[PDB]
file my_file_15.cif (mmCIF, C-alpha atoms)
data_query
#
loop_
_atom_site.label_atom_id
_atom_site.label_comp_id
_atom_site.auth_asym_id
_atom_site.auth_seq_id
_atom_site.Cartn_x
_atom_site.Cartn_y
_atom_site.Cartn_z
CA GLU A 1 11.45 -2.10 17.23
CA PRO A 2 14.74 -3.22 15.45
CA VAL A 3 14.86 -5.11 12.17
CA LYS A 4 16.00 -8.68 12.79
CA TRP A 5 17.11 -10.94 9.93
CA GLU A 6 15.75 -14.43 10.44
CA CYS A 7 13.82 -17.09 8.51
CA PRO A 8 11.41 -19.84 9.54
CA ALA A 9 13.73 -22.74 10.33
CA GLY A 10 15.09 -24.45 7.30
CA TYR A 11 13.47 -22.03 4.88
CA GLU A 12 15.81 -21.48 1.98
CA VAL A 13 15.27 -18.09 0.32
CA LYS A 14 15.96 -17.90 -3.39
CA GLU A 15 16.06 -15.42 -6.23
CA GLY A 16 12.78 -15.60 -8.08
CA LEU A 17 9.68 -17.39 -6.83
CA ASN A 18 9.60 -18.62 -3.19
CA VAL A 19 6.70 -20.86 -2.15
CA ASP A 20 5.44 -22.62 0.97
CA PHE A 21 6.72 -19.88 3.27
CA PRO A 22 5.02 -20.68 6.62
CA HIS A 23 3.25 -17.90 8.39
CA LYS A 24 0.38 -17.99 10.91
CA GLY A 25 -0.71 -21.42 9.69
CA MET A 26 -0.78 -20.41 6.03
CA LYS A 27 1.65 -21.25 3.18
CA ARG A 28 2.65 -18.06 1.36
CA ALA A 29 4.66 -17.19 -1.78
CA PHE A 30 6.64 -14.17 -2.93
CA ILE A 31 9.07 -13.25 -5.67
CA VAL A 32 12.52 -11.74 -5.16
CA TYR A 33 14.51 -9.66 -7.69
CA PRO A 34 17.85 -8.67 -6.18
CA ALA A 35 18.99 -5.10 -6.77
CA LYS A 36 21.29 -4.40 -9.75
CA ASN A 37 24.39 -2.12 -9.69
CA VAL A 38 24.43 -1.86 -5.85
CA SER A 39 27.18 -2.70 -3.42
CA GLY A 40 26.26 -2.97 0.19
CA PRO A 41 22.70 -2.93 1.68
CA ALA A 42 20.07 -2.16 -0.91
CA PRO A 43 16.84 -0.29 -0.43
CA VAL A 44 13.74 -2.51 -0.64
CA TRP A 45 10.56 -2.20 -2.65
CA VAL A 46 7.54 -4.48 -1.77
CA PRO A 47 4.95 -3.90 -4.55
CA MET A 48 1.45 -5.24 -4.21
CA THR A 49 -1.09 -5.84 -6.94
CA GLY A 50 -4.81 -5.09 -6.66
CA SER A 51 -8.05 -6.99 -7.16
CA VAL A 52 -7.68 -8.19 -10.73
CA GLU A 53 -4.11 -7.85 -11.94
CA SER A 54 -1.89 -10.80 -11.13
CA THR A 55 1.32 -10.44 -9.15
CA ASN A 56 3.18 -11.30 -12.38
CA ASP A 57 1.20 -8.55 -14.16
CA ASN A 58 2.16 -6.04 -11.42
CA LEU A 59 5.79 -7.10 -11.77
CA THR A 60 6.26 -7.45 -15.54
CA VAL A 61 3.49 -5.87 -17.58
CA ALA A 62 4.15 -2.20 -18.42
CA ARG A 63 0.52 -1.07 -18.12
CA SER A 64 0.40 -2.68 -14.66
CA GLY A 65 3.61 -0.98 -13.43
CA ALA A 66 6.29 -3.54 -14.37
CA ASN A 67 7.50 -3.30 -10.78
CA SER A 68 10.29 -5.87 -11.12
CA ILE A 69 12.15 -3.25 -13.22
CA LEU A 70 12.92 -1.32 -10.01
CA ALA A 71 15.61 -4.01 -9.45
CA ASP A 72 17.40 -2.54 -12.55
CA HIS A 73 17.10 0.76 -10.59
CA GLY A 74 19.00 -0.52 -7.54
CA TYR A 75 16.21 -1.83 -5.30
CA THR A 76 15.69 -5.38 -4.06
CA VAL A 77 12.10 -6.09 -5.02
CA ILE A 78 10.24 -8.55 -2.77
CA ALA A 79 6.70 -9.02 -4.11
CA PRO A 80 4.11 -11.00 -2.14
CA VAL A 81 1.44 -13.18 -3.75
CA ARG A 82 -2.13 -12.64 -2.45
CA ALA A 83 -3.33 -15.38 -0.06
CA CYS A 84 -6.48 -15.86 -2.22
CA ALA A 85 -4.29 -16.77 -5.22
CA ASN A 86 -3.11 -19.97 -3.47
CA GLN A 87 0.53 -19.17 -4.23
CA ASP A 88 -0.01 -18.74 -7.96
CA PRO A 89 1.54 -15.42 -9.14
CA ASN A 90 -0.48 -15.64 -12.33
CA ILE A 91 -3.98 -15.65 -10.73
CA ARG A 92 -5.76 -12.45 -11.71
CA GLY A 93 -9.29 -11.92 -10.29
CA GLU A 94 -10.22 -15.62 -9.88
CA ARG A 95 -11.27 -16.20 -6.27
CA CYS A 96 -9.59 -12.89 -5.35
CA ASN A 97 -11.75 -10.12 -6.75
CA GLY A 98 -14.63 -10.00 -4.36
CA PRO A 99 -15.71 -9.46 -0.76
CA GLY A 100 -13.55 -10.85 2.04
CA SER A 101 -14.39 -13.48 4.60
CA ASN A 102 -13.56 -14.09 8.30
CA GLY A 103 -14.16 -10.47 9.20
CA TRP A 104 -12.15 -8.99 6.31
CA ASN A 105 -13.67 -6.45 3.97
CA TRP A 106 -12.14 -7.36 0.64
CA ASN A 107 -10.49 -10.67 -0.43
CA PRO A 108 -7.27 -9.67 -2.31
CA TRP A 109 -5.43 -8.72 0.91
CA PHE A 110 -6.25 -8.63 4.61
CA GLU A 111 -6.51 -4.89 4.34
CA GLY A 112 -9.53 -3.71 6.31
CA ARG A 113 -12.14 -4.92 8.77
CA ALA A 114 -15.58 -5.80 7.44
CA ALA A 115 -18.58 -3.57 8.07
CA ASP A 116 -20.46 -6.13 10.16
CA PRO A 117 -19.53 -7.31 13.67
CA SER A 118 -17.38 -10.13 12.38
CA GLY A 119 -14.70 -7.50 11.75
CA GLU A 120 -14.51 -6.41 15.37
CA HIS A 121 -11.39 -8.45 16.11
CA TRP A 122 -9.42 -6.74 13.36
CA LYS A 123 -9.80 -3.37 15.08
CA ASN A 124 -6.56 -3.98 16.84
CA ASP A 125 -4.85 -6.94 15.15
CA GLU A 126 -2.84 -6.15 12.00
CA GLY A 127 -3.95 -9.36 10.32
CA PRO A 128 -1.96 -12.04 8.50
CA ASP A 129 -0.78 -10.08 5.54
CA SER A 130 0.78 -7.19 7.48
CA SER A 131 2.71 -9.68 9.67
CA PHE A 132 3.62 -11.94 6.71
CA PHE A 133 5.27 -9.04 4.91
CA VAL A 134 7.49 -8.31 7.90
CA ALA A 135 8.49 -12.00 8.17
CA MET A 136 9.04 -12.11 4.39
CA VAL A 137 11.41 -9.14 4.32
CA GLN A 138 13.24 -10.34 7.51
CA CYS A 139 13.83 -13.68 5.86
CA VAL A 140 15.01 -12.32 2.50
CA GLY A 141 17.45 -10.12 4.45
CA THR A 142 19.35 -13.22 5.59
CA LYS A 143 20.36 -13.93 1.91
CA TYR A 144 20.54 -10.45 0.37
CA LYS A 145 21.92 -7.31 1.99
CA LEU A 146 18.95 -5.09 2.74
CA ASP A 147 19.03 -1.49 4.06
CA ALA A 148 16.97 -1.59 7.31
CA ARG A 149 16.29 2.17 7.05
CA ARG A 150 14.84 1.89 3.54
CA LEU A 151 12.21 -0.82 3.59
CA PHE A 152 9.25 0.48 1.46
CA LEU A 153 5.98 -1.10 0.43
CA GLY A 154 3.28 0.12 -1.88
CA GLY A 155 0.59 -0.92 -4.29
CA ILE A 156 -2.51 -0.11 -6.30
CA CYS A 157 -6.21 -0.43 -5.46
CA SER A 158 -6.55 -3.17 -2.75
CA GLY A 159 -2.75 -3.23 -2.65
CA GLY A 160 -2.91 0.52 -1.92
CA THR A 161 -5.41 -0.19 0.90
CA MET A 162 -3.02 -2.83 2.20
CA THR A 163 -0.15 -0.32 2.10
CA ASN A 164 -2.21 2.07 4.27
CA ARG A 165 -2.98 -0.77 6.74
CA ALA A 166 0.66 -1.88 6.93
CA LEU A 167 1.92 1.65 7.54
CA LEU A 168 -0.55 2.15 10.37
CA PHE A 169 0.19 -1.16 12.14
CA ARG A 170 3.94 -1.53 11.37
CA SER A 171 5.20 2.03 11.45
CA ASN A 172 8.24 0.93 13.43
CA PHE A 173 9.31 -1.46 10.68
CA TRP A 174 8.71 0.07 7.24
CA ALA A 175 10.50 3.30 6.36
CA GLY A 176 7.49 4.43 4.29
CA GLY A 177 5.20 3.46 1.44
CA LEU A 178 3.34 4.32 -1.70
CA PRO A 179 -0.43 3.80 -1.35
CA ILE A 180 -1.79 4.43 -4.88
CA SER A 181 -5.58 4.82 -4.93
CA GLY A 182 -6.13 2.76 -1.81
CA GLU A 183 -9.18 2.84 0.45
CA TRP A 184 -9.36 4.21 3.98
CA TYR A 185 -12.92 2.84 4.62
CA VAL A 186 -13.91 5.97 6.49
CA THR A 187 -16.03 5.42 9.64
CA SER A 188 -17.54 7.70 12.26
CA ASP A 189 -15.29 8.82 15.11
CA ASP A 190 -16.82 6.06 17.28
CA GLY A 191 -15.76 3.43 14.80
CA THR A 192 -19.24 2.80 13.33
CA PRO A 193 -18.86 1.50 9.76
CA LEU A 194 -20.33 3.75 7.13
CA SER A 195 -21.74 2.74 3.76
CA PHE A 196 -19.82 3.80 0.67
CA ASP A 197 -22.21 6.76 0.27
CA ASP A 198 -22.08 7.89 3.89
CA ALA A 199 -18.28 7.56 4.01
CA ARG A 200 -17.99 9.62 0.86
CA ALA A 201 -20.22 12.35 2.37
CA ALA A 202 -18.40 12.38 5.70
CA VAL A 203 -15.14 13.43 4.07
CA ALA A 204 -16.85 15.93 1.75
CA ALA A 205 -18.41 17.47 4.89
CA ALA A 206 -15.03 17.71 6.79
CA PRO A 207 -12.24 17.52 4.23
CA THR A 208 -9.41 18.66 6.45
CA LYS A 209 -10.22 16.52 9.42
CA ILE A 210 -8.60 13.29 10.50
CA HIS A 211 -11.13 10.54 9.78
CA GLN A 212 -11.14 7.10 11.43
CA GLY A 213 -11.27 4.14 9.04
CA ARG A 214 -11.63 0.35 8.79
CA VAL A 215 -8.27 0.16 6.99
CA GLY A 216 -6.45 0.73 10.28
CA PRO A 217 -6.49 0.23 14.04
CA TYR A 218 -9.54 1.66 15.84
CA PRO A 219 -8.96 4.30 16.98
CA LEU A 220 -6.12 5.26 14.64
CA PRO A 221 -2.77 5.58 16.53
CA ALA A 222 -2.03 8.92 18.26
CA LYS A 223 1.56 8.64 17.07
CA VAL A 224 3.25 6.52 14.47
CA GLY A 225 6.92 5.70 13.92
CA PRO A 226 9.04 7.69 11.43
CA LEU A 227 7.91 7.38 7.85
CA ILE A 228 7.69 8.91 4.48
CA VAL A 229 4.29 8.26 2.82
CA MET A 230 3.47 9.19 -0.75
CA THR A 231 -0.32 8.91 -1.47
CA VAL A 232 -1.40 9.02 -5.13
CA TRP A 233 -4.87 10.01 -6.46
CA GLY A 234 -5.70 9.33 -10.15
CA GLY A 235 -8.10 12.25 -10.66
CA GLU A 236 -11.74 12.50 -11.57
CA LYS A 237 -12.06 8.96 -12.88
CA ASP A 238 -10.24 7.33 -9.92
CA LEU A 239 -13.32 5.24 -8.98
CA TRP A 240 -14.02 1.50 -8.80
CA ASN A 241 -17.07 -0.40 -9.86
CA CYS A 242 -17.74 -3.68 -8.12
CA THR A 243 -19.37 -6.62 -9.90
CA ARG A 244 -22.48 -8.33 -8.55
CA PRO A 245 -22.93 -12.12 -8.72
CA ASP A 246 -25.02 -11.50 -11.83
CA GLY A 247 -22.24 -9.60 -13.60
CA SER A 248 -23.86 -6.15 -13.26
CA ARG A 249 -21.53 -3.32 -12.16
CA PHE A 250 -22.04 -0.61 -9.53
CA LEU A 251 -19.92 2.17 -8.01
CA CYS A 252 -18.43 0.99 -4.75
CA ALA A 253 -15.30 3.05 -4.17
CA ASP A 254 -14.24 6.64 -4.74
CA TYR A 255 -10.57 7.34 -4.12
CA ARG A 256 -10.88 11.07 -3.71
CA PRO A 257 -12.04 10.82 -0.04
CA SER A 258 -9.75 7.94 0.80
CA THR A 259 -6.58 9.53 -0.55
CA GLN A 260 -7.65 12.81 1.17
CA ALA A 261 -8.26 11.00 4.49
CA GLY A 262 -4.98 9.22 4.38
CA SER A 263 -3.16 12.42 3.55
CA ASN A 264 -4.79 14.20 6.45
CA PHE A 265 -3.74 11.56 8.93
CA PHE A 266 -0.18 11.21 7.72
CA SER A 267 0.39 14.91 7.30
CA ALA A 268 -0.65 15.58 10.86
CA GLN A 269 1.95 13.09 12.18
CA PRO A 270 5.10 14.83 13.38
CA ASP A 271 7.57 12.17 12.35
CA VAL A 272 5.96 11.56 8.97
CA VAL A 273 6.73 13.32 5.70
CA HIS A 274 3.54 13.02 3.59
CA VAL A 275 3.70 13.69 -0.12
CA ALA A 276 0.34 14.12 -1.87
CA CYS A 277 0.51 13.34 -5.59
CA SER A 278 -2.25 13.78 -8.18
CA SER A 279 -2.47 12.50 -11.74
CA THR A 280 -5.24 11.96 -14.32
CA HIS A 281 -4.93 8.32 -15.25
CA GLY A 282 -7.87 7.03 -13.25
CA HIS A 283 -7.86 3.90 -11.13
CA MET A 284 -4.94 1.80 -12.29
CA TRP A 285 -1.17 1.91 -11.95
CA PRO A 286 0.11 5.39 -12.95
CA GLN A 287 -0.02 5.39 -16.75
CA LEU A 288 1.76 8.56 -17.83
CA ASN A 289 5.56 8.03 -17.92
CA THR A 290 5.05 4.93 -15.80
CA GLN A 291 8.66 3.90 -15.28
CA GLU A 292 9.79 7.52 -14.83
CA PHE A 293 7.14 7.77 -12.11
CA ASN A 294 8.23 4.55 -10.44
CA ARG A 295 11.88 5.72 -10.40
CA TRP A 296 10.96 9.18 -9.13
CA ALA A 297 8.66 7.87 -6.42
CA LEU A 298 10.99 5.19 -5.02
CA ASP A 299 14.01 7.49 -5.12
CA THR A 300 11.92 10.17 -3.33
CA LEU A 301 11.01 7.64 -0.62
CA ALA A 302 14.66 6.51 -0.40
CA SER A 303 15.78 10.11 0.09
CA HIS A 304 14.06 9.97 3.52
CA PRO A 305 15.64 6.93 5.24
CA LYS A 306 13.88 5.88 8.49
CA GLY A 307 14.50 8.29 11.31
CA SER A 308 15.44 11.24 9.08
CA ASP A 309 14.28 14.69 10.08
CA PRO A 310 11.20 15.77 8.16
CA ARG A 311 12.70 19.26 8.01
CA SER A 312 15.59 17.94 5.96
CA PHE A 313 13.35 16.46 3.21
CA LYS A 314 13.58 18.16 -0.22
CA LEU A 315 10.97 17.22 -2.81
CA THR A 316 12.13 17.16 -6.43
CA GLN A 317 9.86 17.73 -9.42
CA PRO A 318 7.85 14.67 -10.45
CA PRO A 319 7.54 13.49 -14.06
CA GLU A 320 5.24 15.21 -16.48
CA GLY A 321 1.66 14.15 -15.73
CA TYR A 322 1.91 14.48 -11.94
CA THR A 323 1.50 17.27 -9.46
CA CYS A 324 2.87 16.66 -5.94
CA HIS A 325 3.59 18.56 -2.73
CA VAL A 326 4.40 17.92 0.89
CA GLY A 327 1.29 17.95 3.13
CA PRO A 328 -2.35 16.87 2.75
CA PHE A 329 -4.18 16.97 -0.57
CA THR A 330 -5.51 20.41 -1.31
CA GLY A 331 -6.95 20.15 -4.77
CA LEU A 332 -9.72 17.64 -4.06
CA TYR A 333 -12.22 19.62 -2.00
CA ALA A 334 -13.00 23.28 -1.74
CA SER A 335 -11.17 25.15 0.97
CA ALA A 336 -13.13 26.53 3.93
CA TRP A 337 -11.78 30.09 3.35
CA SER A 338 -13.34 29.85 -0.14
#

call {"tool": "encode", "arguments": {"input": "my_file_15.cif", "output": "structure tokens"}}
result
Amino acid sequence: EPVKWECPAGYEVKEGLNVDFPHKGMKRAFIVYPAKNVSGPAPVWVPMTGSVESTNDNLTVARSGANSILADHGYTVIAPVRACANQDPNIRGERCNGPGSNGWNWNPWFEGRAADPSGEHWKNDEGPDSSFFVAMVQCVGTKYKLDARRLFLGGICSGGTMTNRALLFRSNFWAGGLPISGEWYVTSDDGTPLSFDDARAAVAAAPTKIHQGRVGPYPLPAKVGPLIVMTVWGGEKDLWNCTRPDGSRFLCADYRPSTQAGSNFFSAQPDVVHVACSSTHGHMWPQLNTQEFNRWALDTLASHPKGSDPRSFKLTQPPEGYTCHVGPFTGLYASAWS
């Protein structure tokens, strides 16, 4: 499935904020920072915020990743605004941080089917964000020279869940991605949705198995296109507490099983290099040596352009504060042989 450069008719792409981009009946927005110090096609980074941080926060605030700085690193950054933010890159959690509607699990991104029957249709339809991102990058590529073998997306929290969904449904487009503390929404093998507690126990009970999940197609694809996927877990405190209508908080997500599950699926894929990375910063954009991490992670992904031989990949040491290796996570659950 070749990358085609094309824009909705008459759409004029610009550096900076782009609004009213038409896609599937919606009007979308995204921000473009062209790569610096690059001649020729540039690798692409599509960073996605989570539930509460704004797209501007994800792009410019250090503690949120300051993702626009990757343009100073030689990547053309194309950052989508969440549909729930109504094209405003400054919206944080307002009308975004909460349960989804129309069969979607969570409102920040169309990143997983809901647990009730209204989500049935999303079992095999990527949804409007996954397709928007493809249209977005194909359009930007008509104005800026983009490297079709190095289109990467990634994000934190719900943006990490969205990265997982996009990789599973558009593995013949993206070259890879960086799902940081994203959900997998583990289900039974028959697709039955599981509660947070039952999903957490299913992985603890079979930590090396491939688990189905609401984040992706049901069943998950037998084979995906060539990719490099770097999954990041934030350690013991990488957990998320939801907020009830009354303001009370309760545990609703644990990223240990979801990063494990994703790593098991991607590691098993023959044309996928999976890098499992662990840190101790919790559930937020990597905090230790943040920019060093961003540079190391994107350059690692770029070292495996789409269609490269997994056997040729050579991992380099990550920044202090991170431990990474090729394959599934191993330090999250006890090994069987133990």

call {"tool": "resolve_selection", "arguments": {"input": "my_file_15.cif", "expression": "the PyMOL selection byres ((chain A and resi 69) around 10)", "output": "list in words"}}
result
residues 33, 35, 36, 59, 60, 62, 65, 66, 67, 68, 70, 71, 72, 73, 74, 75, 77, 291, 294 and 295 of chain A

call {"tool": "resolve_selection", "arguments": {"input": "my_file_15.cif", "expression": "the PyMOL selection byres ((chain A and resi 4) around 12)", "output": "PyMOL selection string"}}
result
chain A and resi 1-3+5-7+134-142+146-148+173

call {"tool": "write_last_selection", "arguments": {"input": "my_file_15.cif", "atoms": "C-alpha atoms", "output": "PDB file, keeping the file's coordinate frame"}}
result
ATOM      1  CA  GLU A   1      11.450  -2.100  17.230  1.00  0.00           C
ATOM      2  CA  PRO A   2      14.740  -3.220  15.450  1.00  0.00           C
ATOM      3  CA  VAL A   3      14.860  -5.110  12.170  1.00  0.00           C
ATOM      4  CA  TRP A   5      17.110 -10.940   9.930  1.00  0.00           C
ATOM      5  CA  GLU A   6      15.750 -14.430  10.440  1.00  0.00           C
ATOM      6  CA  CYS A   7      13.820 -17.090   8.510  1.00  0.00           C
ATOM      7  CA  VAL A 134       7.490  -8.310   7.900  1.00  0.00           C
ATOM      8  CA  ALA A 135       8.490 -12.000   8.170  1.00  0.00           C
ATOM      9  CA  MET A 136       9.040 -12.110   4.390  1.00  0.00           C
ATOM     10  CA  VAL A 137      11.410  -9.140   4.320  1.00  0.00           C
ATOM     11  CA  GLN A 138      13.240 -10.340   7.510  1.00  0.00           C
ATOM     12  CA  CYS A 139      13.830 -13.680   5.860  1.00  0.00           C
ATOM     13  CA  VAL A 140      15.010 -12.320   2.500  1.00  0.00           C
ATOM     14  CA  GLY A 141      17.450 -10.120   4.450  1.00  0.00           C
ATOM     15  CA  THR A 142      19.350 -13.220   5.590  1.00  0.00           C
ATOM     16  CA  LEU A 146      18.950  -5.090   2.740  1.00  0.00           C
ATOM     17  CA  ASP A 147      19.030  -1.490   4.060  1.00  0.00           C
ATOM     18  CA  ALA A 148      16.970  -1.590   7.310  1.00  0.00           C
ATOM     19  CA  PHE A 173       9.310  -1.460  10.680  1.00  0.00           C
TER      20      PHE A 173
END

call {"tool": "residues_near_point", "arguments": {"input": "my_file_15.cif", "point": "(-20.2, 7.8, -1.2)", "cutoff": "9 Å", "atoms": "only C-alpha atoms", "output": "ChimeraX atom specification"}}
result
/A:195-202,251-254,257

call {"tool": "closest_residue", "arguments": {"input": "my_file_15.cif", "among": "A:97, A:228, A:58, A:105", "to": "residue 309 (chain A)", "atoms": "all atoms listed in the file"}}
result
A:228

call {"tool": "closest_residue", "arguments": {"input": "my_file_15.cif", "among": "A:51, A:26, A:220, A:157", "to": "residue 131 (chain A)", "atoms": "all atoms listed in the file"}}
result
A:26

call {"tool": "resolve_selection", "arguments": {"input": "my_file_15.cif", "expression": "the PyMOL selection byres ((chain A and resi 326) around 9)", "output": "JSON, numbers by chain"}}
result
{"A": [230, 267, 273, 274, 275, 276, 277, 315, 324, 325, 327, 328, 329]}

call {"tool": "atom_distance", "arguments": {"input": "my_file_15.cif", "atom1": "CA of residue 190 (chain A)", "atom2": "CA of residue 211 (chain A)"}}
result
10.4 Å

call {"tool": "residues_around", "arguments": {"input": "my_file_15.cif", "residues": "residue 208 (chain A)", "least_positions_apart": "4", "cutoff": "12 Å", "atoms": "all atoms listed in the file", "output": "number ranges by chain"}}
result
A: 202-204, 257, 259-268, 327-336

call {"tool": "closest_residue", "arguments": {"input": "my_file_15.cif", "among": "A:241, A:289, A:56, A:76", "to": "residue 145 (chain A)", "atoms": "all atoms listed in the file"}}
result
A:76

call {"tool": "residues_around", "arguments": {"input": "my_file_15.cif", "residues": "residue 119 (chain A)", "least_positions_apart": "3", "cutoff": "12 Å", "atoms": "all atoms listed in the file", "output": "PDB file with C-alpha atoms, in the frame of the given file"}}
result
ATOM      1  CA  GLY A 100     -13.550 -10.850   2.040  1.00  0.00           C
ATOM      2  CA  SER A 101     -14.390 -13.480   4.600  1.00  0.00           C
ATOM      3  CA  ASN A 102     -13.560 -14.090   8.300  1.00  0.00           C
ATOM      4  CA  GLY A 103     -14.160 -10.470   9.200  1.00  0.00           C
ATOM      5  CA  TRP A 104     -12.150  -8.990   6.310  1.00  0.00           C
ATOM      6  CA  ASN A 105     -13.670  -6.450   3.970  1.00  0.00           C
ATOM      7  CA  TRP A 106     -12.140  -7.360   0.640  1.00  0.00           C
ATOM      8  CA  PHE A 110      -6.250  -8.630   4.610  1.00  0.00           C
ATOM      9  CA  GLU A 111      -6.510  -4.890   4.340  1.00  0.00           C
ATOM     10  CA  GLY A 112      -9.530  -3.710   6.310  1.00  0.00           C
ATOM     11  CA  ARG A 113     -12.140  -4.920   8.770  1.00  0.00           C
ATOM     12  CA  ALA A 114     -15.580  -5.800   7.440  1.00  0.00           C
ATOM     13  CA  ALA A 115     -18.580  -3.570   8.070  1.00  0.00           C
ATOM     14  CA  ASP A 116     -20.460  -6.130  10.160  1.00  0.00           C
ATOM     15  CA  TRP A 122      -9.420  -6.740  13.360  1.00  0.00           C
ATOM     16  CA  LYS A 123      -9.800  -3.370  15.080  1.00  0.00           C
ATOM     17  CA  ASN A 124      -6.560  -3.980  16.840  1.00  0.00           C
ATOM     18  CA  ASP A 125      -4.850  -6.940  15.150  1.00  0.00           C
ATOM     19  CA  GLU A 126      -2.840  -6.150  12.000  1.00  0.00           C
ATOM     20  CA  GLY A 127      -3.950  -9.360  10.320  1.00  0.00           C
ATOM     21  CA  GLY A 191     -15.760   3.430  14.800  1.00  0.00           C
ATOM     22  CA  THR A 192     -19.240   2.800  13.330  1.00  0.00           C
ATOM     23  CA  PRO A 193     -18.860   1.500   9.760  1.00  0.00           C
ATOM     24  CA  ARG A 214     -11.630   0.350   8.790  1.00  0.00           C
ATOM     25  CA  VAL A 215      -8.270   0.160   6.990  1.00  0.00           C
ATOM     26  CA  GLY A 216      -6.450   0.730  10.280  1.00  0.00           C
ATOM     27  CA  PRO A 217      -6.490   0.230  14.040  1.00  0.00           C
ATOM     28  CA  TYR A 218      -9.540   1.660  15.840  1.00  0.00           C
TER      29      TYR A 218
END

call {"tool": "residues_around", "arguments": {"input": "my_file_15.cif", "residues": "residue 223 (chain A)", "least_positions_apart": "3", "cutoff": "9 Å", "atoms": "only C-alpha atoms", "output": "NGL selection string"}}
result
:A and (220 or 269-271)

call {"tool": "residues_near_point", "arguments": {"input": "my_file_15.cif", "point": "(5.5, -17.0, 1.9)", "cutoff": "8 Å", "atoms": "all atoms listed in the file", "output": "NGL selection string"}}
result
:A and (18-23 or 27-30 or 80-81 or 132 or 136)

call {"tool": "residues_around", "arguments": {"input": "my_file_15.cif", "residues": "residue 46 (chain A)", "least_positions_apart": "6", "cutoff": "7 Å", "atoms": "all atoms listed in the file", "output": "list in words"}}
result
residues 77, 78, 79, 152, 153 and 154 of chain A
